[PDB]
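A.B. asks: My questions will all concern the structure given below.
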Amino acid sequence: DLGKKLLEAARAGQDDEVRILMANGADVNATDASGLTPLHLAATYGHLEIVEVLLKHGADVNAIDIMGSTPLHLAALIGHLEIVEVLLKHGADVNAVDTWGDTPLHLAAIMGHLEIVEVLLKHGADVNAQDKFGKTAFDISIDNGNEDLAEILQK
Amino acid sequence: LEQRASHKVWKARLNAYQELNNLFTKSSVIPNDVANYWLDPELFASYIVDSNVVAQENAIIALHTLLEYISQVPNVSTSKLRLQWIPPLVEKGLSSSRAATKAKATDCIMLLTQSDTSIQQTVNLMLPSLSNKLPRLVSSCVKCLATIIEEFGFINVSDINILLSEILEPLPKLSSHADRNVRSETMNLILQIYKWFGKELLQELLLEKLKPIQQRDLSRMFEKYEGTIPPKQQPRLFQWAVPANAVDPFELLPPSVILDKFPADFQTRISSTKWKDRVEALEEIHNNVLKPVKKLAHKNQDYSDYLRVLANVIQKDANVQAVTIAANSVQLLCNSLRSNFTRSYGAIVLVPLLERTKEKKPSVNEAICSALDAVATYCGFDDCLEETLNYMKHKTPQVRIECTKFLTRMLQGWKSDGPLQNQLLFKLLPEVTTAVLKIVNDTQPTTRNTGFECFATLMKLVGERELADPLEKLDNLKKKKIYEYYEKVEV
Amino acid sequence: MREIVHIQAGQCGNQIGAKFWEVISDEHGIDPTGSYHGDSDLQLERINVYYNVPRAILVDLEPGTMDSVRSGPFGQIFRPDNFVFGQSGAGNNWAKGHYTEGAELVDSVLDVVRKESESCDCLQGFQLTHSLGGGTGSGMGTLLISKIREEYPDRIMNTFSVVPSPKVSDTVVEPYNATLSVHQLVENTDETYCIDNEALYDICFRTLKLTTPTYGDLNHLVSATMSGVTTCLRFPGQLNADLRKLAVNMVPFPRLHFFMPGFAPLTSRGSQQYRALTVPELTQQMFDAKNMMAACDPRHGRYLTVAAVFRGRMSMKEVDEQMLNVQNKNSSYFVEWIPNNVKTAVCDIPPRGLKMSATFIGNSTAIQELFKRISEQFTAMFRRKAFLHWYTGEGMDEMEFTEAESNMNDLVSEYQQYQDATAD
Amino acid sequence: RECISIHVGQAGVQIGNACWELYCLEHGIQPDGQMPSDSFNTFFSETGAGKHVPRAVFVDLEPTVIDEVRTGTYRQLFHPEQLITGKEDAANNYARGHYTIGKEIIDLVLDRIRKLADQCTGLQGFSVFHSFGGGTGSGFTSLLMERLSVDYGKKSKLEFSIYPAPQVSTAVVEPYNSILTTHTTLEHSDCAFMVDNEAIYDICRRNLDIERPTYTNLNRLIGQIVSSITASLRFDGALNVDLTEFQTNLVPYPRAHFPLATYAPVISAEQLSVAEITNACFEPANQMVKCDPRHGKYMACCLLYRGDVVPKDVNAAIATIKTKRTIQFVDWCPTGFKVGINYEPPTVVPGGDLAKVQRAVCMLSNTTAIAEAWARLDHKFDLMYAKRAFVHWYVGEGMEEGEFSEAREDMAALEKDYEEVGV
Ligand SMILES: Nc1nc2c(ncn2[C@@H]2O[C@H](COP(=O)(O)OP(=O)(O)OP(=O)(O)O)[C@@H](O)[C@H]2O)c(=O)[nH]1
Ligand SMILES: Nc1nc2c(ncn2[C@@H]2O[C@H](COP(=O)(O)OP(=O)(O)O)[C@@H](O)[C@H]2O)c(=O)[nH]1
Ligand SMILES: [Mg+2]
Ligand SMILES: [Mg+2]
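Line order of the protein sequences matches chains M, L, K and J.
Read in PDB author numbering, the first sequence has 32 at position 20, and its numbers run on one by one without any break.
Letter by letter, the second sequence follows residues 14 to 43, 46 to 259, 297 to 543 of PDB author numbering.
Letter by letter, the third sequence follows residues 1 to 42, 45 to 54, 62 to 360, 369 to 441 of PDB author numbering.
Letter by letter, the fourth sequence follows residues 2 to 38, 47 to 279, 285 to 437 of PDB author numbering.
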């Protein structure tokens, strides 16, 4: 299966061998077991050129997996500021929700990616968005003693 | 991967242990010379002490399935094994902090304990570990000692007195040990000794010396115990323990001699060109001379002149009727003269009969097969096992299906001991299986379908695991037909 | 798949058998001395099939039949060794042919069969002609068939079996003999052409207007049918070329291999109609039940498979059209669940005495009518237990009759099942 | 660089003759093997005596057809060890081709293939020619393909199947044989060009102006279209230069590897423009498999022009069709039409009813409408297998009855695989 080799590459981060596999017509939106496209995997592990390569070949910027995770979720979780703005520029879902009720703003705030928090906010992130337990991004800064984030969330 | 069980990198050793654990599930009960993890038990003693917690645990579960693959005969070499193995198992398996590394080590000791005749040799080896630095080891191996007892118990123990003293000796110090667990788990070992011959004995020997609070808890523990002073039945039996007026035959009746019965006008009548001469000749000596009697004369009676003319017709005689009445004569001889057809008699009619299974007339196949069943029930598997295979390879479709059905018939009545290395096993894979597959893979379905039973009656005899090798080479589609009969078939 | 071994057994066997050899010897251009005086290669293209001199074995317990063949026209050509004949006759006793007297001789026959098969590049199968109401042709023939079936299981078995009818012999044991023989053929032969004397009389009497048909008159219809159905086998041609392929495209269920043959145009002994039929006329002798060699109405059942053989120079375009026509204009009579079940083939060399002809081999479920007639006569006879001491005396068991009776009725039921089957 | 051709059953063998007749005219090779005149040695090897021998094996379980090869116009061209024949044919029975008769000769055939592969240095793979409905063509091929996936597993294999058609059909059971081989040959084939004998019949009646075509008529037309596909491998073009590229360009799903081939122009021998012939590639009347691509989505599409062609005319004709027709593509496709050109003129046979044309084109397009062809077979199959008709023939020649169902499920699964791509 050529769609499975493109996932192996996009994850482990072999920029060149993506072009090889895609020149053989590999499925840009090929799903693994849990519904993760290569764009998911590259956006998780910080392979910026692989993200932009897949996106311009028609990667689903707002594709979800089995748990409702978009690539913007995973980029904002791990803290890949370069990729976050690439995804958003390609029409990413700033207020996407996943199965646990989190938005990308939740994940960037939990992991302390203050620089990504501000980018998401300026792309119209929902500061009052709640998760399953009922907590906003602002509640997380209150709960996690992060006054640097509380100020950045009310800006 | 064979010698890689001692390779430097851990993840290559981790393979060899999984490779081994497969080997001991998937290899032979009888056992390949490749299964030489008995006569060098230093190997697994090394593997159990692997310098890596993940590859260690995988060696123990390979030892575990090895150490239950060895509940097949003959492995009287379980004495050497307990010496070599349980000290590593106790010292560093029971010791382990890992949930699963420990659980399988105890299970291993269990299997070594029931390899033995009794519990003493295993007990005697793992006693010293009570005196070790690390508490969780003495915490644990007192729990392991206590459940080799509650499930087995003291039986077939030479000098129990010497053994009770040896395991009662540390119990004072263990019960005053610093560790909470070492103590708590020592009161359990006390109970399991009381549970078998307490409490008069333990109060004379050990209750006196413990803290008063302690002997109270032990008495409180004995009330909650219900059931007779020694347990009536053990929750687990040993090796030998688990397996643990003649009837009369009517054959004693006097013999009857039929040689005198025959008529002068017989030889030319059976060797005649007129079919009705032959039929009447055979039919007379059958209805007048054989059918009445119930036991022929064993002593000093040569029927191998009469039997070789029954064969001459059963094979070559063009009259299907004269065949039918002859094979019924042959059966009568084999039936009324049990224990005669050793070779000369049995063999004189055997290969002719197998040739004539070609006959498809129901009445005739009835008579030929039933006579083949006679020669078999008093000569099985002298000449038939080999020659039956020969005629499964024969060109006529009918003789294939019928001689294979014959092997099936015989195999259901295969009760010859033993217990191993019979004529069936000497030639099992080499010949029987190679020939049964030729039936299983025949061009005709009704032929193939006889093979499917004759393979499922085979597995039933000799283990659906032993033959899993040519099972794999077979179609997945034929496999589920074979299994169909395996589930229904009995011996 | 080249050579065919031919066998003829019993009186009828050697009669229609010799007649068949007369017909196809002419068609292939062989004289009674055994020499080629033809004038076309399409005649010797597949002469290796039936000839070497015929690859024919002649069998009868009745020794007289020997001479009735050799004193016939092409009687000189048959190999002297291939004559295998007994001392006495079977006398309409199937048991005598199958178990006692016929069984004594059957070995001698198999020796000759072996001899002729031994020197074959690649055998196709066998071809037996015989009557079913007799003792020898039925009893020894069916015993011969089984004996070959087991000695040559990698080969085809093809019979031309003729059914008894009161209209041709008033012997009442024939229902017994034919029932016992059908119980054999359904288990032992790949394909069987059902030649019905009932239908041969009804054709000679009603269509040919002969007030008293002789055997010769009935045998004329048979020999012409046989050359027709064997046209594919004897001349170059794409479709239904060898025995196995034919049976593969004719027999969808192993037991239902009893073909209802029929052909056109129906001529008398050496008459000429002075006007050759057209292609649509020939085609309209298919459902025409007055052309069936078996006394059955194709209208009363359904065709499972059909083979059409057009002989002569004619439009392959028109034949295709007419056959494609007659199928869909009678679509309810051809089974729907077997698509393209009718197959047509053309041979340019016409039959003797005709400019065009057409033979119509059909596996029609209507054939159950034929087996009904035989069974009712059998049962009427068997329920009063008449003449049973003949058969039982020769070693047969009364049970056999019940089994053959039941087995033929299962055969009738099977035909009735597939007739009432639906594709939906 | 070398490619080996294999011809199984009368269909393969007789289409083989037509193709190697046409290959030798296109390469100026003589019937005796000589040449008064590389890229073409992909298909031919060379003797020390200046003789050019095909890299081909002919197989039939019966002499008659291959006997005519080695007593005909091109008897000298082939080495006699390449022409293999049995004696008993498969009798329109996949079981006999695959199990009973095929096992008796498979080893001899595989051995003679090794002799041609041993002469080759960088072998690419195999071209395989065979009928569907034939017993040999279905059964033996599927067996041979299984065994080639072992003895040569790491290389390509391409099919040229003859899809059955009642107008020339010799057997009732041809649906059975088609399904049975397509099931067992599915995993072992990288790409497979189906040829509906009905379309080839229709084309020859309309454009060649023949009342009742013969096999020669159909085979010649077919050989022309086969030549158009293998032209890239024989003349070193730019597109489809080796066997892998067929899968790269046309196969975006291992299972769905059945391209529709369309060929224009078919001119009777009793010139058109570049634009006119490219429009005819999207006319169903000129397809090799009877279906309607308008009812389906394109997974890929290649255009193989050959002759007097200006590369700009092509781009105009492409833009015409890409704008003035609505060729629906799948969203996960490049959606760009791949092209290659070979400036040599289409060779016809001297005497042929097909005329020499100035330019010609062969469009290879993996459309989902070809599922219609599988549906027609599957339906005919279902009717007969509903009554277990003719099944005893197969089961009595070494075949398990289950294999019918396992094959039918694999065909039902393939019909679902075509559906999900096109929605
Ligand atoms: N287009 C084309 N079709 C053919 C040709 N020869 C046979 N066919 C078709 O192929 C199908 C099967 O026929 P064959 O290929 O001859 O059968 P086979 O492969 O020889 O197998 P067996 O004869 O059964 O042993 C039929 O439906 C024919 O219509 C041919 O030369 N050209
Ligand atoms: N068509 C035809 N039928 C015959 C001929 N001779 C006998 N029969 C039929 O065959 C049956 C008699 O069997 P027959 O062959 O004479 O006995 P056999 O010699 O023992 O096989 C009756 O049904 C007859 O009507 C013949 O020459 N032609
Ligand atoms: Mg007679
Ligand atoms: Mg063929």
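Idealized CB from N, CA, C, for every residue including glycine.
#1: At which residue ranges does the stretch 441-489 of chain L contain complete alpha helix (DSSP H) runs of 4 or more residues, listed in the order of the chain?
#2: Classify K/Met149 as helix, strand or coil using the three-state DSSP reduction.
#3: Closer than 8 Å between beta carbons: that is the criterion. Which residues of the stretch 383-416 of chain J meet it against chain L?
#4: Express the C-alpha separation of L/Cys156 and L/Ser110 in angstroms, rounding to a whole number.
#5: I want to see whether chain J comes within less than 8 Å of L/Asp300, judged by CB atoms only; does it?
#6: Under 7 Å from any heavy atom of ligand 6, does the C-beta of J/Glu71 make it?
#7: Report the residues of the stretch 495-511 of chain L with a CB closer than 7 Å to any CB of chain J, ordered along the chain.
#8: Between J/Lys370 and the rest of its own chain, which residues show a CB-CB distance below 6 Å, the 5 nearest in sequence each way excluded?
#9: Per the DSSP calculation, J/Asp69 is bridged to which residue(s)?
#10: Please confirm if the stretch 65-78 of chain K is in contact with the stretch 6-15 of chain K, defined as three or more CB-CB distances below 8 Å between the two stretches.
#11: Straight-line CA distance for L/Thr132 to L/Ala259?
#12: Report the option in K/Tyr435, K/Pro184 and K/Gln385 whose CA atom is closest to the CA atom of K/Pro261.
#13: Confirm, please, whether the CB-CB distance from L/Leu463 to L/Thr440 is below 8 Å.
#14: So with CB distances below 8 Å, who are the chain K contacts of L/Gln450?
#15: Got a sec: which bits of the stretch 520-531 of chain L sit with their beta carbon under 8 Å from any beta carbon on chain J, in order along the chain?
#16: When Cβ atoms are compared, which residues of the stretch 361-382 of chain L fall closer than 7 Å to chain K?
#17: With the cut-off set at 8 Å, would you say J/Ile231 and J/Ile16 are in Cβ contact?
#18: Rounded to the nearest angstrom, what separates L/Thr162 and L/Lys530 at their Cα positions?
#19: I'd like to know whether the C-beta atoms of J/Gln35 and J/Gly57 end up nearer to each other than 8 Å.
#20: Taking the beta strand (DSSP E) that K/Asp205 falls in, what are its first and last residues?
#21: Once the 5 residues before and after K/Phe92 are set aside, which same chain residues still bring their CB inside 7 Å of it?
#22: Skipping 5 residues on each side, what residues in its chain have a beta carbon closer than 6 Å to that of K/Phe418?
#23: Quick one: list the residues of chain K neighbouring L/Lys410, beta-carbon separation under 8 Å, in chain order.
#24: What does DSSP give as the partner residues of K/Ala65 in its beta bridges?
#25: Is the CB-CB distance between K/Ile391 and K/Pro175 below 8 Å?
#26: Where does J/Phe169 fall in DSSP's three states?
#27: Can we count K/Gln15 as close to ligand 3, meaning its CB is less than 7 Å from some heavy atom?
#28: Is the CB-CB distance between L/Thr80 and L/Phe37 below 8 Å?
#29: Taking only beta-carbon positions, decide if J/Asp211 is within less than 8 Å of chain K.
#30: K/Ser155 versus chain L: which residues are under 8 Å apart at the beta carbon?
#31: Give me the Cα-Cα distance between L/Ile377 and L/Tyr358, rounded to the nearest whole angstrom.
#32: Report the residue from L/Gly432, L/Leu472, L/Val484 and L/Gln473 whose alpha carbon sits nearest the alpha carbon of L/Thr456.
#33: Over the uninterrupted alpha helix (DSSP H) stretch that includes K/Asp120, give me the two end residues.
#34: If we cut at 8 Å on Cβ distances, does L/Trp53 have a partner in chain K?
#35: Could you please give the first and the last residue of the uninterrupted beta strand (DSSP E) stretch that includes K/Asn167?
#36: Where are the beta strand (DSSP E) runs, 3 residues long or more, that stay fully inside the stretch 327-364 of chain J, in chain order?
C.D. replies: According to the structure shown:
#1: 449-464 and 475-478
#2: helix
#3: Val409, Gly410, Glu411, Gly412, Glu414, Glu415 and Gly416
#4: 8 Å
#5: no
#6: With respect to ligand 6, the structure shown offers nothing to examine, as its ligands consist of ligand 1, ligand 2, ligand 3 and ligand 4.
#7: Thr495, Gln496 and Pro497
#8: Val362
#9: J/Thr94
#10: yes
#11: 13 Å
#12: K/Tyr435
#13: no
#14: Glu159
#15: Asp527, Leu529 and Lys530
#16: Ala370, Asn371, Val372 and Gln373
#17: yes
#18: 47 Å
#19: no
#20: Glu200 to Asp205
#21: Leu67 and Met75
#22: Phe399
#23: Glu159
#24: K/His6
#25: no
#26: strand
#27: no
#28: yes
#29: no
#30: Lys412
#31: 14 Å
#32: L/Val484
#33: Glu110 to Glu127
#34: no
#35: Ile165 to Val172
#36: 352-356
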